[PDB]
Amino acid sequence: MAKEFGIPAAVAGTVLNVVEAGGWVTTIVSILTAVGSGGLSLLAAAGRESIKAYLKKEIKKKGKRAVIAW
Numbered sequence: 001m002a003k004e005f006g007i008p009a010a011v012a013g014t015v016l017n018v019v020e021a022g023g024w025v026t027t028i029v030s031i032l033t034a035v036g037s038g039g040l041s042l043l044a045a046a047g048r049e050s051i052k053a054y055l056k057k058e059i060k061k062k063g064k065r066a067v068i069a070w
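By PDB author numbering, the letter at position 68 of the sequence shown is numbered 68, and the numbering carries on one by one without gaps.
In structure tokens, the structure reads:
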């Protein structure tokens, strides 16, 4: 999230913790839109897939720590 979208670690970790805790898509969308261009770019990258499901799969694929770095 940091390297490919410029999203800071504190925001990225919050978002992924919300994902892992089973939080709401609305919460994730609000945080990402509020962080600006980087969050908008991550939302764009998800395509039509729920941003929650997309990040959940990224965590399964790479591990949470690496998703934060990404």
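Virtual Cβ for every residue (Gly too), placed ideally from N, Cα, C.
Segment limits, alpha helix (DSSP H) that includes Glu58: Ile51 to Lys62 is the extent of the alpha helix (DSSP H) around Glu58.
Do you know offhand how far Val11's Cα is from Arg48's? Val11 and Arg48 have their C-alpha atoms spaced approximately 23 Å apart.
Straight-line CA distance for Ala66 to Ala2? Near 10 Å, if we compare the C-alpha coordinates of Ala2 and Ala66.
Using a Cβ-Cβ cut-off of 7 Å (strictly less than) and excluding sequence neighbours within five positions of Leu16, which residues of its own chain qualify? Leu55, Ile59, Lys64, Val67 and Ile68.
Rounded to a whole number of angstroms, what is the C-alpha to C-alpha distance between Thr27 and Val18? Taking the Cα positions, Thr27 is about 8 Å away from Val18.
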